[PDB]
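Below: one structure, written as structure tokens.
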2 protein chains.
Amino acid sequence: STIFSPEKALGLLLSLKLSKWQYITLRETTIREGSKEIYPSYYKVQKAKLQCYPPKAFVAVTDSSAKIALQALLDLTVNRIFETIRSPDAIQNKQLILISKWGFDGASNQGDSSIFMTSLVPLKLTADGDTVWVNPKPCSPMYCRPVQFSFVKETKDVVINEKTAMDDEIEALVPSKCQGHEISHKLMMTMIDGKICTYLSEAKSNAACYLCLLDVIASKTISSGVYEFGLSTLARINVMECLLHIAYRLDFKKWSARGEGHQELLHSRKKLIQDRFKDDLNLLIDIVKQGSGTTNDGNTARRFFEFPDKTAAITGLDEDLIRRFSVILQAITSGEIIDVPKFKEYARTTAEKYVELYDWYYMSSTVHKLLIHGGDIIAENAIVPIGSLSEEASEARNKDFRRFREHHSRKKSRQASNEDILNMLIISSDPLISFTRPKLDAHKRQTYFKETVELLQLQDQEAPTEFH
Amino acid sequence: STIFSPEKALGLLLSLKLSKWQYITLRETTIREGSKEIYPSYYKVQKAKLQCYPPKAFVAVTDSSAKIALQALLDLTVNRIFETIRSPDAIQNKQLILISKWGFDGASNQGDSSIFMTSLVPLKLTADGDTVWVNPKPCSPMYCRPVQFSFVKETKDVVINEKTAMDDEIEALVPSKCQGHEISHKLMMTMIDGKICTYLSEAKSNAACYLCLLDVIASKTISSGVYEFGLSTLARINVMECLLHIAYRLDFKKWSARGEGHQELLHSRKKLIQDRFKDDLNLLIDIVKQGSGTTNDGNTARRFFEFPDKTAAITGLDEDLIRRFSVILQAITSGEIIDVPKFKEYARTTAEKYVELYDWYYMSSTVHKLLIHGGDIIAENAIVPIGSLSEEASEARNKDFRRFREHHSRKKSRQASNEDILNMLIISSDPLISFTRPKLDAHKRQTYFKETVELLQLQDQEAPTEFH
DNA sequence: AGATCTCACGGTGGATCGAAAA
DNA sequence: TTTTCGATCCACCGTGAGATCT
DNA sequence: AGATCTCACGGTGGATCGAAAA
DNA sequence: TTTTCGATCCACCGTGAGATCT
Ligand SMILES: [K+]
Ligand SMILES: [K+]
Ligand SMILES: [Mg+2]
Ligand SMILES: [Mg+2]
Ligand SMILES: [Zn+2]
Ligand SMILES: [Zn+2]
């Protein structure tokens, strides 16, 4: 009847951030100018919001938290995709797989001191290996569906109590049905920030190799994501600790350092290298940490690899080995798609330049796995790079959470307030609703080490400053 | 061509508080839905704003202040009124008078610590005594044009330096011409808050009477407003000081108190009445003030008249005299239109109940003028009651100033910022532009003393809590 | 003058209500 | 009937001008 | 853990620019 | 010509996530 559909009227409601009274006025005014069939009455817009929700049985809201049954959320996402974003029925026998990434991050909105929200982004819906639907900007907030948020300051224990809880549900989800087709989900925990990567890093030690025990005949199990994490989660820490273990057994060339009078001069050179490094960058070193052993944070480990040349010249290690390690890792966490065949040979060349040069130190299982087997993961799981929502993108999500809470929630009760915030986080991330944003300006294209560009494929849309 | 005029598109721009990017998106979206002739392109909306401004020669903006030549502002207001709000040419010989109130108030927005803005509201445009245009809500912000604002914390000296400056311009303004008619302005300084009324109260003493020297043959000059102020500005103070002078010469019944041993017991009873009043209300009394003599603020004088009964029973004065004074003043500052014939006789009855009862105290020129001649002013000048913008209305003006400064001003430069704020304060107060607001809820109708209702005519639209 | 206590109100979107259409 | 749609209601609460106070 | 320094970016509406129509 | 109209530019700056620090 009218011109605006109730589904695109909603897109106008959200792109303009209009409030209920503002939209009712926007309708009534342009009704009084005579033009009658322009916008739907807010009753219809509500009805149209009602289609974007999961059924009320699976969304539970409390004064502190709001969570959606992951199964129902995925069912809803698939339902929307098939409803509108396809020319349907062109695939009636083919097998249907929806590949999706997920994660979580805590924000500090300056009680509602901080929010710990789990998010899920469907990346790709594939029919029998062939692409039906893609996510046009997989590093932007336009499809970041919520799973749960809670007003609990992010701690280490809550992250574990959330990962185990979400994984015990990922294992249980059976495929979701829609208009006769049966779609199966493939979830990858990829939207992991830095400090959460540190918190979950508790895989401290393993056998010589679960796979290698050289042949690869020991197969791979991919569910629950544990491998990708333990292998390449960001990794950045467990290579730097081993490089430091080399940097202290350097004068003596022995891995089992219980030999004659070594440990004391090990600690003495440990003190000297640490003095010179605290001199040149004013950054602390691995020396002592209370939990899980002596370690460092990634916010220092990045500067460890920022100038591989200088740290290697000061620590007494080869420049080019640290350069190539800073290249292989800066290709993992670059956020750009990884050219797997090239990366396999670069990792091989690095493993060689390492072991043909360093034999007195034997390869720990973490450095064994990043180089010898790390390249296989990006191919076998075809993962989006370890990147998660952009700097600007995560800022947009957090700013819009604050906005939905302050200006667009009903103050009748606390539960109604989180209900509004959640059922707006769902609308504003629907795969149906066209919902515009202010045009982004071009950034300087992020520079990486020269050997990384040959490693990546730089046709993508992503504009981070600190972390992609 | 299109449906929305560039003049009503602006009304939609302001009623919805849309930003330039929001309006451009609102146009483009509903253009992509096919409907082409709905809104004007923002170029046209700018062109339509250009008509609401005074010519650029008379608006001067500085990093601190922004002021409009009052003459040009009134010319613009008359131009708008005649352009659109009339069925024109029905009055080609009649004489045209535009009656307008004005004032100023400082606000403290929590450097831009406070703003001191002068405002002007056209109330009534009259043709040869007959009404052509009225202000539908003369106590609401919908027509409050700005004259000047400045980021200077409101002090006593700036208010005087502004009143003299504005009055030296009101005296100089010649009538404004539009479409062949010649309209003459009649300005009344009525939008005066409480503390500004105190600041301007510096008319301390005069002769026995400028008019009465009983016959009224000494005529009235009405320009520059000085009379209305000195007579009834709010008045509230100069009657209470005289009532206190009575309350201390009470035991002795002598006005010239240089008599035998009186002054000391005058001060002693002064101390006793002050003790009992500081006991019952915990409010200080006139006793000592540094400037212009011993005085009080109106925020205490209102509680002086709040319960006339108790203060009179404690101070030793007649209940009914203070009751009738609290009635005559609460009819002056009630904010409702004053039924002049009834008020004349009530003032006469009060003057009688005062002087037939109190002769030993002679009438000071302020109490002489409020009662004997005060009733004539409201008739001769036909003033709106001393009320100024409502509590909710002034809150709306200050909140919208804050909004225009924060969200709807360009940050390119400080002068551009005040330019935006001012040329939005002008648009949002134009007599042409239909600009809607959220519907106000009904308040409890303000209660006054029983004798005031017979004094006023309560058909009006005004909803103050503290001060109309 | 400058600081704090008070406290009535603008604003939030769904839930209900009641006509009125389909 | 069953939907559509405007007018209120829900309850809180951030805010900002008045009031009181040092 | 909790606090502060840093610092690149979203957002503001008119001023200019350049085609493109009237 | 003279207007219309979209795409940038103007310069700041409040804000909010990272980084550094106790
Ligand atoms: K108020
Ligand atoms: K940022
Ligand atoms: Mg994080
Ligand atoms: Mg004031
Ligand atoms: Zn292995
Ligand atoms: Zn007189």
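A quick note on method: Cβ atoms are made from the backbone with ideal geometry, for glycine too, and the neighbour counts reach across all protein chains shown. No value in this document is a laboratory result; all are computed from the given coordinates.
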Overall Cα dimensions of chain B, principal axis frame, Å, largest first:
93, 51, 40
Per residue of A:430-442, what is the mean number of Cβ atoms on other protein chains within 10 angstrom of that residue's Cβ?
1
Hydrodynamic radius (Kirkwood) for the range B:228-384, which is based on Cα pairs only, to one decimal in Å:
16.4 Å
Which ordering of A:31, B:217 is given by a fewest-first count of other beta-carbon atoms within 10 Å?
B:217, A:31
By Cβ neighbour count within 10 Å, fewest first, B:195, A:444, A:399 rank A:444, A:399, B:195
For the range A:168-209, what is the per residue volume of the convex hull drawn over the alpha-carbon atoms, in cubic angstrom?
132 Å³
Where the Cα pairs of the range B:194-233 fall when distances are cut into 5 Å bins, in %
6, 18, 25, 27, 14, 7, 3
Principal axis dimensions, the range A:166-321 - Cα atoms, whole angstrom, descending
70, 35, 32
Peptide-level mean, for B:245-255, of C-beta atoms on other protein chains within 10 Å:
0
Okay, helix-only estimate at 222 nm for chain B: each DSSP H run of n ≥ 4 adds -39500 (n - 2.57), divide by all residues, round to 500 deg cm²/dmol; what do you get?
-13000 deg cm²/dmol
Apply the Karplus parameterisation 6.51 cos²θ - 1.76 cosθ + 1.60, with θ equal to phi minus 60°, to every residue of the range B:418-425 and state each ³J(HN,Hα) to the nearest whole Hz, in sequence, with x for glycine and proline.
5, 4, 4, 4, 6, 6, 9, 4
Built amide H within the under 5 Å cut-off of residue B:123, gap 5+
B:99, B:100, B:101
Shortest first and in nm to one decimal, what separations exist between residue B:128 and its copies in the other chains, measuring from label points 7 Å along the Cα-to-beta-carbon line?
9.2
Quick calc of log₁₀ I(q)/I(0), the range A:1-155, Debye, one scatterer on every Cα, no solvent, q values 0.11, 0.14, 0.15 1/Å, result -0.61, -0.93, -1.02
What percentages make up the Cα-Cα pair-distance distribution of the range B:113-250 when the bins are 10 Å wide from 0?
9, 29, 34, 21, 7, 1, 0
So what is log10(I(q)/I(0)) for the protein assembly as shown at q = 0.05, 0.07, 0.10 1/Å, when the Debye sum runs over its Cα atoms only?
-0.51, -0.80, -1.14
The residues B:21, B:102, sorted from fewest to most surrounding Cβ atoms within 10 Å, come out as B:21, B:102
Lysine pairs within the range B:2-89, Cα separation less than 19 Å, 8 or more sequence positions apart or different chains
16
